[PDB]
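I have placed the structure first, in the form of structure tokens, so that the comments after it can refer back to it.
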Amino acid sequence: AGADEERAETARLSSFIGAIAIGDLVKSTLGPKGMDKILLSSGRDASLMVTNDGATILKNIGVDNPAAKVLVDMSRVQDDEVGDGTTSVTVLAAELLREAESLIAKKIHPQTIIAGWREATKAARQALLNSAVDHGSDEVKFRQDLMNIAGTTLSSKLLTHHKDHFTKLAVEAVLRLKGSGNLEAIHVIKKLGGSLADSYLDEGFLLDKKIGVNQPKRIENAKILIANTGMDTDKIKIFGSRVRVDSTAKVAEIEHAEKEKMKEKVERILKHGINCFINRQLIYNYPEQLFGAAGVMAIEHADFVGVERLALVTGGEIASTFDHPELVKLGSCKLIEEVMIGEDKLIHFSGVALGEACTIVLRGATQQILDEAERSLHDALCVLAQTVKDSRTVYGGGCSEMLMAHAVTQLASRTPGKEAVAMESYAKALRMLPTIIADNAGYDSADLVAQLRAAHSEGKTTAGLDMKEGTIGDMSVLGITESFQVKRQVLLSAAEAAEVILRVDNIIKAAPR
């Protein structure tokens, strides 16, 4: 057979190769000095999807025969829990792959060596429950609200000429979001128009449709009715049936029934004094005439997600067949008007008394890079949520790493002769991160390690690699803080994934063709 089977060192190399390739591209992306890449692929690949976020591309493609896609895959969970914020975990994991050659030199029991992960277990556990992340965030928080981590996530990000401002707004959003609400009811999109502003925060929900061109322009003191049951009429669950009659006269009654549906809609809508009908699904037309006549606006097929958020925003109802008006509903009235943004016409539901949910309408010149806003906004949303939840962070800019490197170095000898070697390799691995951030900086790296190691060993924890400074600076001042989450999950994830590669010996796969 053509099945590819590898054992021992050959199998290890497969693992050896995968980590290295990822690191150069990944390494370049990091933080303030990080870079954007464009990936063009043939079908099914439309163009070059440029991505500031490392994770997205990794998730998207399982390009070649080298194993790794699974490795790539895990990081997503870390982002759900946290992120992000900026890719870093993978590179460090990759470097760990490095010593095993010296490990061939170890020429003893590699599995004995794996005792490293327990050490990592230690290493990971210790900063966890040890040392410090973040103090106050009084809340909502005047100032602490942003110009920080949002900008750091954004840092590697291409967007942040304008982007830092975008990232900054995110904290306002988090502030509105705060409470036991969980994460829900926030809607985002971007727009094809220019404004230095680059984006808008809407006090309510933004949607895009028209009931009828006919109908009224804007609605005030709007009575909002959401309907589960679209207006469509006739059939049931017996078609009952395609049909014929004891004279055309009989048909007259059938025509009459539609009127009943119509009349019912007209009768109670008026009592409400009805302004708007949002039907997350197609509507049946007699109301179409009646509404336009009415002073009311329908949104035929207003898709569901925004309907639910709009529930959170408004007061709602229970809708609910046509008994749905009124108090069955709760309609919120600031103003619902269809406006032109630029550009495409959207409907703005606003002055929601609730305030629990809002929207962000991005504005951009336009393009896939505008779609970079698409790359962008998501990144921004997750990090903020984590920061709010954790109530814990860490000094960014290489601070954390340098400290861990110092502490970890103690660890190998803290461990025994065999174990020391493994544990020490783990610690040294810590060193690259100082090399990388600084390297993106444009400053000489070797000096970077030395100065940074001195400042950190000092215990001035806050000192990090200040790219701006070009040396090591006070991260606290800069505001680069890493979520407590990012560091923790990376430590844990890194050990396990690395071991799995190493733990497995005989790698088996069949030839595609």
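Chains: A, B, ... in order of the structure tokens. Residues: from 1 per chain. Ligands: from 1, in order shown.
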Point to revise | Near-range 401-403 of chain A list (7 Å; only C-alpha atoms; drop same-chain fewer than 4 positions) as JSON, numbers by chain | key: {"A": [407, 430, 433, 434, 453, 456, 457]}
Expected file: the selected residues, N, CA, C and O atoms, as a PDB file, in the first residue's frame:
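So the final result, stored in selection10.pdb, reads:
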```
ATOM      1  N   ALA A 407      11.392  32.949  37.008  1.00  0.00           N
ATOM      2  CA  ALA A 407      10.953  32.017  38.005  1.00  0.00           C
ATOM      3  C   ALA A 407      11.227  30.619  37.549  1.00  0.00           C
ATOM      4  O   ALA A 407      11.721  29.792  38.313  1.00  0.00           O
ATOM      5  N   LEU A 430      10.747  29.967  27.313  1.00  0.00           N
ATOM      6  CA  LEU A 430      10.102  31.189  27.681  1.00  0.00           C
ATOM      7  C   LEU A 430      10.765  32.368  27.016  1.00  0.00           C
ATOM      8  O   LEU A 430      10.093  33.357  26.730  1.00  0.00           O
ATOM      9  N   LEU A 433       9.776  34.760  23.450  1.00  0.00           N
ATOM     10  CA  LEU A 433       8.767  35.784  23.423  1.00  0.00           C
ATOM     11  C   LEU A 433       9.395  37.121  23.629  1.00  0.00           C
ATOM     12  O   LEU A 433       8.913  38.113  23.087  1.00  0.00           O
ATOM     13  N   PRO A 434      10.401  37.226  24.443  1.00  0.00           N
ATOM     14  CA  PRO A 434      11.050  38.499  24.547  1.00  0.00           C
ATOM     15  C   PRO A 434      11.736  38.850  23.270  1.00  0.00           C
ATOM     16  O   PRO A 434      11.837  40.033  22.951  1.00  0.00           O
ATOM     17  N   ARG A 453      15.787  41.114  30.831  1.00  0.00           N
ATOM     18  CA  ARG A 453      15.944  40.152  31.875  1.00  0.00           C
ATOM     19  C   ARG A 453      16.354  40.845  33.133  1.00  0.00           C
ATOM     20  O   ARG A 453      15.960  40.439  34.224  1.00  0.00           O
ATOM     21  N   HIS A 456      13.239  42.869  34.772  1.00  0.00           N
ATOM     22  CA  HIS A 456      12.252  41.972  35.301  1.00  0.00           C
ATOM     23  C   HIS A 456      12.751  41.250  36.505  1.00  0.00           C
ATOM     24  O   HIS A 456      12.022  41.093  37.484  1.00  0.00           O
ATOM     25  N   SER A 457      14.017  40.796  36.482  1.00  0.00           N
ATOM     26  CA  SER A 457      14.517  40.049  37.597  1.00  0.00           C
ATOM     27  C   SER A 457      14.455  40.954  38.777  1.00  0.00           C
ATOM     28  O   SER A 457      14.397  40.504  39.919  1.00  0.00           O
TER      29      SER A 457
END
```
**Study point:** Neighbour list for range 479-491 of chain A as a VMD selection string, cut-off 8 Å, only C-alpha atoms, skip fewer than 2 positions in-chain
**Key:** chain A and resid 78 81 to 85 89 120 124 128 133 147 to 149 152 383 386 to 387 390 392 to 397 475 to 477 493 to 495
How would the residues just picked look written out with C-alpha atoms as a PDB file, in the first residue's frame?
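Final file, part_31.pdb:
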```pdb
ATOM      1  CA  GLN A  78      -9.149  29.382  24.063  1.00  0.00           C
ATOM      2  CA  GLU A  81     -13.049  31.363  26.710  1.00  0.00           C
ATOM      3  CA  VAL A  82     -10.712  34.253  25.903  1.00  0.00           C
ATOM      4  CA  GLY A  83      -8.957  34.777  22.608  1.00  0.00           C
ATOM      5  CA  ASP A  84      -6.746  35.960  21.444  1.00  0.00           C
ATOM      6  CA  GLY A  85      -6.273  38.638  22.415  1.00  0.00           C
ATOM      7  CA  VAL A  89       0.656  30.499  22.458  1.00  0.00           C
ATOM      8  CA  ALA A 120       4.598  22.964  33.114  1.00  0.00           C
ATOM      9  CA  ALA A 124       1.273  27.042  34.914  1.00  0.00           C
ATOM     10  CA  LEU A 128      -2.010  30.932  38.472  1.00  0.00           C
ATOM     11  CA  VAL A 133      -2.835  40.859  36.780  1.00  0.00           C
ATOM     12  CA  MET A 147      -7.156  52.960  25.337  1.00  0.00           C
ATOM     13  CA  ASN A 148      -5.627  49.728  26.537  1.00  0.00           C
ATOM     14  CA  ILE A 149      -5.888  46.047  25.732  1.00  0.00           C
ATOM     15  CA  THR A 152      -3.072  46.012  22.081  1.00  0.00           C
ATOM     16  CA  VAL A 383     -11.381  40.244  24.565  1.00  0.00           C
ATOM     17  CA  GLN A 386     -13.060  38.267  28.984  1.00  0.00           C
ATOM     18  CA  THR A 387     -11.527  41.274  30.602  1.00  0.00           C
ATOM     19  CA  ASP A 390     -11.896  37.769  34.697  1.00  0.00           C
ATOM     20  CA  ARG A 392      -7.770  39.684  36.331  1.00  0.00           C
ATOM     21  CA  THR A 393      -5.051  40.504  33.804  1.00  0.00           C
ATOM     22  CA  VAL A 394      -1.245  40.671  33.602  1.00  0.00           C
ATOM     23  CA  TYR A 395       1.443  43.036  32.469  1.00  0.00           C
ATOM     24  CA  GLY A 396       1.857  42.712  28.744  1.00  0.00           C
ATOM     25  CA  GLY A 397       4.789  43.546  26.583  1.00  0.00           C
ATOM     26  CA  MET A 475       3.785  48.281  30.477  1.00  0.00           C
ATOM     27  CA  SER A 476       1.474  49.687  33.079  1.00  0.00           C
ATOM     28  CA  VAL A 477       1.817  53.130  31.612  1.00  0.00           C
ATOM     29  CA  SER A 493      -3.172  23.919  26.363  1.00  0.00           C
ATOM     30  CA  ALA A 494       0.453  24.104  25.357  1.00  0.00           C
ATOM     31  CA  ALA A 495       1.647  21.320  27.536  1.00  0.00           C
TER      32      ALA A 495
END
```
Point to revise | Nearest to residue 110 in chain A, chosen from A:422, A:353, A:467, A:365, with only C-alpha atoms counted in the distances | key: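 So, comparing all the options, the nearest one is A:422.
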Review point. Tell me, which residues of range 24-142 of chain A carry DSSP alpha helix (DSSP H), written as an MDAnalysis selection string?
Key: chainID A and resid 24:28 54:60 69:81 89:96 100:106 110:113 115:127
Let's have the selection written as a PDB file, in the first residue's frame, with C-alpha atoms.
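Resulting contents of result.pdb:
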```pdb
ATOM      1  CA  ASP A  24       7.722  32.546  11.261  1.00  0.00           C
ATOM      2  CA  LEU A  25       4.413  33.758   9.915  1.00  0.00           C
ATOM      3  CA  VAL A  26       2.857  33.694  13.346  1.00  0.00           C
ATOM      4  CA  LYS A  27       5.813  35.407  14.938  1.00  0.00           C
ATOM      5  CA  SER A  28       5.651  38.308  12.538  1.00  0.00           C
ATOM      6  CA  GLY A  54      -3.877  34.568  13.305  1.00  0.00           C
ATOM      7  CA  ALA A  55      -6.607  32.165  14.387  1.00  0.00           C
ATOM      8  CA  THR A  56      -8.985  32.780  11.531  1.00  0.00           C
ATOM      9  CA  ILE A  57      -6.583  31.664   8.840  1.00  0.00           C
ATOM     10  CA  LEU A  58      -5.484  28.732  10.877  1.00  0.00           C
ATOM     11  CA  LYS A  59      -9.074  27.621  11.296  1.00  0.00           C
ATOM     12  CA  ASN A  60      -9.826  28.116   7.632  1.00  0.00           C
ATOM     13  CA  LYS A  69      -4.629  21.109  11.761  1.00  0.00           C
ATOM     14  CA  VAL A  70      -5.791  19.647  15.026  1.00  0.00           C
ATOM     15  CA  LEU A  71      -3.117  21.630  16.806  1.00  0.00           C
ATOM     16  CA  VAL A  72      -4.327  24.721  14.999  1.00  0.00           C
ATOM     17  CA  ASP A  73      -7.880  23.838  15.886  1.00  0.00           C
ATOM     18  CA  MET A  74      -7.652  23.917  19.670  1.00  0.00           C
ATOM     19  CA  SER A  75      -6.824  27.620  19.941  1.00  0.00           C
ATOM     20  CA  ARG A  76     -10.383  28.486  18.980  1.00  0.00           C
ATOM     21  CA  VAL A  77     -11.688  27.235  22.306  1.00  0.00           C
ATOM     22  CA  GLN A  78      -9.149  29.382  24.063  1.00  0.00           C
ATOM     23  CA  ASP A  79     -10.640  32.329  22.190  1.00  0.00           C
ATOM     24  CA  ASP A  80     -14.120  31.433  23.132  1.00  0.00           C
ATOM     25  CA  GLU A  81     -13.049  31.363  26.710  1.00  0.00           C
ATOM     26  CA  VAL A  89       0.656  30.499  22.458  1.00  0.00           C
ATOM     27  CA  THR A  90       1.421  28.592  19.284  1.00  0.00           C
ATOM     28  CA  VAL A  91       4.882  30.034  18.769  1.00  0.00           C
ATOM     29  CA  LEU A  92       5.963  29.173  22.266  1.00  0.00           C
ATOM     30  CA  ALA A  93       4.576  25.715  21.863  1.00  0.00           C
ATOM     31  CA  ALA A  94       6.586  25.389  18.689  1.00  0.00           C
ATOM     32  CA  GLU A  95       9.867  26.278  20.353  1.00  0.00           C
ATOM     33  CA  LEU A  96       9.343  23.547  22.860  1.00  0.00           C
ATOM     34  CA  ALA A 100      14.064  17.126  21.523  1.00  0.00           C
ATOM     35  CA  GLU A 101      16.944  16.935  19.141  1.00  0.00           C
ATOM     36  CA  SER A 102      19.134  17.673  22.087  1.00  0.00           C
ATOM     37  CA  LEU A 103      16.775  15.090  23.515  1.00  0.00           C
ATOM     38  CA  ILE A 104      17.968  12.593  20.998  1.00  0.00           C
ATOM     39  CA  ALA A 105      21.098  13.445  22.879  1.00  0.00           C
ATOM     40  CA  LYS A 106      19.073  12.826  26.005  1.00  0.00           C
ATOM     41  CA  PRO A 110      11.803  10.818  26.297  1.00  0.00           C
ATOM     42  CA  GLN A 111       8.725   9.906  28.225  1.00  0.00           C
ATOM     43  CA  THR A 112      10.768  10.419  31.344  1.00  0.00           C
ATOM     44  CA  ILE A 113      11.406  13.825  29.772  1.00  0.00           C
ATOM     45  CA  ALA A 115       7.743  14.927  33.137  1.00  0.00           C
ATOM     46  CA  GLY A 116       8.118  18.534  31.660  1.00  0.00           C
ATOM     47  CA  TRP A 117       4.388  18.831  31.257  1.00  0.00           C
ATOM     48  CA  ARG A 118       3.922  18.138  34.931  1.00  0.00           C
ATOM     49  CA  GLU A 119       6.572  20.777  35.463  1.00  0.00           C
ATOM     50  CA  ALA A 120       4.598  22.964  33.114  1.00  0.00           C
ATOM     51  CA  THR A 121       1.680  21.915  35.216  1.00  0.00           C
ATOM     52  CA  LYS A 122       3.582  23.297  38.026  1.00  0.00           C
ATOM     53  CA  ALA A 123       4.792  26.273  36.052  1.00  0.00           C
ATOM     54  CA  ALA A 124       1.273  27.042  34.914  1.00  0.00           C
ATOM     55  CA  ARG A 125      -0.314  26.494  38.258  1.00  0.00           C
ATOM     56  CA  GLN A 126       2.120  28.753  40.041  1.00  0.00           C
ATOM     57  CA  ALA A 127       1.517  31.934  38.193  1.00  0.00           C
TER      58      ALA A 127
END
```
Out of range 15-135 of chain A, which residues get strand (DSSP E or B) from DSSP, as a compact mmCIF listing (two decimals) with N, CA, C and O atoms, in the first residue's frame?
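The result, stored in states_14.txt:
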```txt
# COMPACT_ATOMS: atom_id res chain seq x y z
N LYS A 37 -1.03 39.59 6.67
CA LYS A 37 -0.63 38.80 5.55
C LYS A 37 -1.81 38.65 4.66
O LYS A 37 -2.95 38.77 5.09
N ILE A 38 -1.56 38.42 3.36
CA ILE A 38 -2.64 38.19 2.44
C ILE A 38 -2.50 36.80 1.93
O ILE A 38 -1.41 36.35 1.59
N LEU A 39 -3.61 36.04 1.94
CA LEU A 39 -3.54 34.70 1.45
C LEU A 39 -4.49 34.57 0.31
O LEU A 39 -5.70 34.75 0.47
N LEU A 40 -3.95 34.24 -0.88
CA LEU A 40 -4.76 34.04 -2.04
C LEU A 40 -4.74 32.59 -2.30
O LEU A 40 -3.69 31.95 -2.27
N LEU A 48 -7.46 37.12 -1.92
CA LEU A 48 -6.51 37.01 -0.85
C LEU A 48 -7.20 37.52 0.38
O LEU A 48 -7.48 38.72 0.47
N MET A 49 -7.48 36.64 1.35
CA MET A 49 -8.12 37.07 2.57
C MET A 49 -7.06 37.50 3.51
O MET A 49 -6.32 36.68 4.06
N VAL A 50 -6.98 38.82 3.74
CA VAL A 50 -5.98 39.33 4.60
C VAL A 50 -6.48 39.20 6.01
O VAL A 50 -7.64 39.51 6.30
N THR A 51 -5.62 38.69 6.93
CA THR A 51 -6.14 38.53 8.26
C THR A 51 -5.14 38.93 9.31
O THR A 51 -4.03 38.42 9.38
```
Point to revise | Distance criterion (only C-alpha atoms): nearest to residue 7 in chain A out of A:329, A:107, A:268, A:509 | key: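 Closest residue, counting only C-alpha atoms: A:509.
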Practice item. Counting only C-alpha atoms, figure out which residue out of A:173, A:385, A:446, A:276 gets nearest to residue 358 in chain A. Key: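 Among the listed residues, A:173 lies closest to residue 358 in chain A.
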Point to revise | Spatial neighbours of residue 174 in chain A, max dist 10 Å, only C-alpha atoms, sep filter under 3 positions, as a ChimeraX atom specification | key: /A:140,145,169-171,177-179,183,186,381,384-385,387-388
Limited to N, CA and C atoms, could you put the picked residues into a file as a CSV table (one decimal), in the first residue's frame?
```
chain,number,residue,atom,x,y,z
A,140,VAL,N,-18.4,52.3,35.8
A,140,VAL,CA,-18.3,51.7,34.5
A,140,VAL,C,-16.8,51.8,34.2
A,145,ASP,N,-11.8,52.6,31.2
A,145,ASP,CA,-12.6,51.9,30.2
A,145,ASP,C,-11.8,51.6,29.0
A,169,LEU,N,-13.9,52.1,21.5
A,169,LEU,CA,-15.3,52.2,21.7
A,169,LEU,C,-15.8,51.0,22.4
A,170,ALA,N,-15.1,49.9,22.1
A,170,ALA,CA,-15.6,48.6,22.5
A,170,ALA,C,-15.8,48.6,24.0
A,171,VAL,N,-15.0,49.4,24.8
A,171,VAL,CA,-15.2,49.4,26.2
A,171,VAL,C,-16.5,50.1,26.5
A,177,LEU,N,-23.1,46.6,28.3
A,177,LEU,CA,-23.4,45.2,28.5
A,177,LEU,C,-23.3,44.8,29.9
A,178,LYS,N,-22.5,45.4,30.8
A,178,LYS,CA,-22.3,44.9,32.1
A,178,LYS,C,-23.5,44.6,32.9
A,179,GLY,N,-23.4,43.5,33.7
A,179,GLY,CA,-24.5,43.0,34.5
A,179,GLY,C,-24.5,41.5,34.3
A,183,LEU,N,-23.7,37.4,27.8
A,183,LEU,CA,-23.3,38.1,26.6
A,183,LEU,C,-24.4,37.9,25.6
A,186,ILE,N,-25.9,42.3,21.3
A,186,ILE,CA,-25.1,43.3,20.7
A,186,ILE,C,-25.0,43.0,19.3
A,381,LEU,N,-14.7,42.2,20.4
A,381,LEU,CA,-15.8,41.8,21.2
A,381,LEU,C,-15.4,40.8,22.3
A,384,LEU,N,-12.9,42.0,25.3
A,384,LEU,CA,-13.5,42.8,26.3
A,384,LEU,C,-14.3,42.0,27.2
A,385,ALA,N,-15.1,41.0,26.7
A,385,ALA,CA,-15.9,40.2,27.5
A,385,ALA,C,-15.0,39.5,28.5
A,387,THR,N,-12.1,40.4,29.6
A,387,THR,CA,-11.5,41.3,30.6
A,387,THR,C,-12.5,41.6,31.7
A,388,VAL,N,-13.8,41.8,31.3
A,388,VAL,CA,-14.8,42.2,32.3
A,388,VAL,C,-15.0,41.0,33.2
```
Exercise for review: For residue 327 in chain A, list every protein, DNA or RNA residue within 10 Å, evaluated using only C-alpha atoms, and leave out those in the same chain fewer than 3 positions away; present the list as a list in words.
Suggested key: residues 272, 315, 316, 317, 318, 323, 324, 330 and 331 of chain A
Check your understanding: When distances are computed from only C-alpha atoms, which of A:361, A:20, A:175, A:225 shows the smallest separation from residue 199 in chain A?
Key -> A:361
Exercise for review: Give me, please, the distance in Å between CA of residue 377 in chain A and CA of residue 359 in chain A, quoted to one decimal.
Suggested key: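 Distance between the two atoms: 12.1 Å.
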Skipping near chain neighbours, those fewer than 4 positions away, what residues fall within 10 Å of residue 352 in chain A using only C-alpha atoms, listed as a PDB file with N, CA and C atoms, in the first residue's frame?
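The file below, around_20.pdb, is the result:
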```pdb
ATOM      1  N   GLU A 203     -28.207  53.746  19.669  1.00  0.00           N
ATOM      2  CA  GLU A 203     -28.884  53.636  20.922  1.00  0.00           C
ATOM      3  C   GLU A 203     -29.828  52.487  20.851  1.00  0.00           C
ATOM      4  N   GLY A 204     -30.046  51.917  19.653  1.00  0.00           N
ATOM      5  CA  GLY A 204     -30.978  50.830  19.574  1.00  0.00           C
ATOM      6  C   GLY A 204     -30.464  49.803  18.614  1.00  0.00           C
ATOM      7  N   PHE A 205     -31.385  49.256  17.796  1.00  0.00           N
ATOM      8  CA  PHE A 205     -31.090  48.207  16.860  1.00  0.00           C
ATOM      9  C   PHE A 205     -31.211  48.743  15.462  1.00  0.00           C
ATOM     10  N   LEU A 310     -34.143  42.671  19.680  1.00  0.00           N
ATOM     11  CA  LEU A 310     -35.083  43.750  19.641  1.00  0.00           C
ATOM     12  C   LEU A 310     -36.085  43.470  20.722  1.00  0.00           C
ATOM     13  N   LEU A 312     -35.159  42.194  23.560  1.00  0.00           N
ATOM     14  CA  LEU A 312     -34.413  42.563  24.729  1.00  0.00           C
ATOM     15  C   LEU A 312     -34.457  44.052  24.884  1.00  0.00           C
ATOM     16  N   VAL A 313     -34.349  44.760  23.750  1.00  0.00           N
ATOM     17  CA  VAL A 313     -34.368  46.186  23.626  1.00  0.00           C
ATOM     18  C   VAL A 313     -35.723  46.782  23.974  1.00  0.00           C
ATOM     19  N   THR A 314     -36.816  46.278  23.367  1.00  0.00           N
ATOM     20  CA  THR A 314     -38.116  46.909  23.458  1.00  0.00           C
ATOM     21  C   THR A 314     -39.013  46.755  24.674  1.00  0.00           C
ATOM     22  N   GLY A 315     -39.361  45.515  25.089  1.00  0.00           N
ATOM     23  CA  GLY A 315     -40.453  45.285  26.015  1.00  0.00           C
ATOM     24  C   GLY A 315     -41.318  44.219  25.390  1.00  0.00           C
ATOM     25  N   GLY A 331     -44.703  47.432  23.129  1.00  0.00           N
ATOM     26  CA  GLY A 331     -44.071  48.161  22.061  1.00  0.00           C
ATOM     27  C   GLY A 331     -43.327  49.315  22.670  1.00  0.00           C
ATOM     28  N   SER A 332     -42.113  49.610  22.154  1.00  0.00           N
ATOM     29  CA  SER A 332     -41.310  50.676  22.707  1.00  0.00           C
ATOM     30  C   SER A 332     -41.247  51.795  21.717  1.00  0.00           C
ATOM     31  N   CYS A 333     -41.416  53.040  22.200  1.00  0.00           N
ATOM     32  CA  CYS A 333     -41.541  54.098  21.247  1.00  0.00           C
ATOM     33  C   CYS A 333     -40.525  55.189  21.385  1.00  0.00           C
ATOM     34  N   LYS A 334     -39.354  55.087  20.723  1.00  0.00           N
ATOM     35  CA  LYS A 334     -38.653  56.327  20.557  1.00  0.00           C
ATOM     36  C   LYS A 334     -38.831  56.868  19.178  1.00  0.00           C
ATOM     37  N   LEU A 335     -38.545  56.010  18.167  1.00  0.00           N
ATOM     38  CA  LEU A 335     -38.648  56.416  16.794  1.00  0.00           C
ATOM     39  C   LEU A 335     -38.143  55.307  15.924  1.00  0.00           C
ATOM     40  N   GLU A 356     -30.340  48.078  27.234  1.00  0.00           N
ATOM     41  CA  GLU A 356     -29.580  46.878  27.417  1.00  0.00           C
ATOM     42  C   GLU A 356     -28.899  46.514  26.136  1.00  0.00           C
ATOM     43  N   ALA A 357     -29.510  46.800  24.970  1.00  0.00           N
ATOM     44  CA  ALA A 357     -28.831  46.412  23.765  1.00  0.00           C
ATOM     45  C   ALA A 357     -28.699  47.587  22.843  1.00  0.00           C
ATOM     46  N   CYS A 358     -27.577  47.632  22.086  1.00  0.00           N
ATOM     47  CA  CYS A 358     -27.310  48.681  21.137  1.00  0.00           C
ATOM     48  C   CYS A 358     -26.690  48.059  19.919  1.00  0.00           C
TER      49      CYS A 358
END
```
**Study point:** Residues near residue 195 in chain A, cut-off 12 Å, only C-alpha atoms, skip fewer than 3 positions along chain, as a list in words
**Key:** residues 162, 190, 191, 192, 198, 199, 200, 341, 342, 361, 362, 363, 364, 365 and 366 of chain A
**Study point:** Neighbour list for residue 285 in chain A as a list in words, cut-off 12 Å, only C-alpha atoms, skip fewer than 4 positions in-chain
**Key:**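 Answer for this query is residues 211, 212, 230, 231, 232, 233, 258, 259, 261, 262, 265, 289, 290, 291, 292, 298 and 300 of chain A.
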Study note, to complete from the structure: From the list A:188, A:448, A:500, A:251, the nearest residue to residue 436 in chain A using only C-alpha atoms is A:448
Check your understanding: Using only C-alpha atoms, which of the listed residues (A:224, A:369, A:108, A:238) sits closest to residue 158 in chain A?
Key ->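 Nearest to residue 158 in chain A: A:369.
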